[PDB]
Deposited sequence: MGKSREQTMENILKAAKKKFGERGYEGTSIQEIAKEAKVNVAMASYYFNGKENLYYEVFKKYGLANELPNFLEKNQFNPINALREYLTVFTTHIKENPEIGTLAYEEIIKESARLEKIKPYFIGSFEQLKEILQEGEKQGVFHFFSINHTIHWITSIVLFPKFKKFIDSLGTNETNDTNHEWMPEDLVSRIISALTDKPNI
């Protein structure tokens, strides 16, 4: 069926886009990887750019993410522990956010507005947790922005952690709570 095929194409697309980035990947490489022809792939998704958006729309974590504050009765340490655990485990297991979050959030712009709706929640929530923590007097920081900056970096990019340095959840909590 068209839908099942489209699921196979998306899986192939996550892989190739994760490898080469948007501008580095052709619909042909994805079609080859999916064992379908280009015209079919292009028809089903209405082109490479929509196919790319569909990868975020299918594999983006935000849509199915619980509200961690609410789930933890607004305990900002428990909420943050749960949030970081959910993230670090998923990111190591799927390092196609490594390349694609970098390209689109960190470096760039062109397609930004189209994909934002699929990662901005993850950031809005981290911000909520840090600010609820600050409000409750348990977290301390100069800039919410830099804190967001540095938490993101060390979570998304564990090999850059290595480059510098040369578990993580508890390390982040300890940094935040220090006075």
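- Message: From the N-terminus onward, what segments of the deposited sequence lack any C-alpha atom in this model?
- Response: Sequence ranges with no C-alpha atoms are 1-3, 170-185, 199-201.
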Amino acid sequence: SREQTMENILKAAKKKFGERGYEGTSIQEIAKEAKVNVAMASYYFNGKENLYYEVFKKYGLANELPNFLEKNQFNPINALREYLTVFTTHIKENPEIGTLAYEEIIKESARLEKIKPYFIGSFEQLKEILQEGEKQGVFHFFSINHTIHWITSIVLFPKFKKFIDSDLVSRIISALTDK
From here on, numbers count along this sequence of modelled residues.
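- Could you check the entry and say whether 109-117 or 133-141 has the higher mean CA B-factor? It is 109-117 that shows the higher mean C-alpha B-factor.
- With respect to the recorded C-alpha B factors, which stretch has the higher mean value, 92-100 or 72-80? Per the PDB entry, the higher value belongs to 92-100.
- Among 126, 65, 38, 55, which carries the highest Cα B-factor? Among 126, 65, 38, 55, the highest C-alpha B-factor in the entry belongs to 65.
- Which third, lowest, middle or highest, does the CA B-factor of residue 44 fall in along this chain? Its C-alpha B-factor belongs to the lowest third of this chain's values.
- Query: Against its chain's modelled residues, does residue 6's Cα B factor rank lowest, middle or highest third?
  - Reply: Its C-alpha B-factor, which the entry lists for residue 6, ranks in the lowest third among residues of this chain.
- Query: What third of the chain, by the recorded C-alpha B-factor, contains residue 27?
  - Reply: Residue 27: CA B-factor falls in the middle third of its chain.
- Chain-relative CA temperature factor third for residue 12: As the PDB entry reports it, the C-alpha B-factor of residue 12 lands in the lowest third of its chain.
- Modelled-residue ranking by C-alpha temperature factor, third containing residue 61: Highest third, going by the recorded CA B-factors of the chain.
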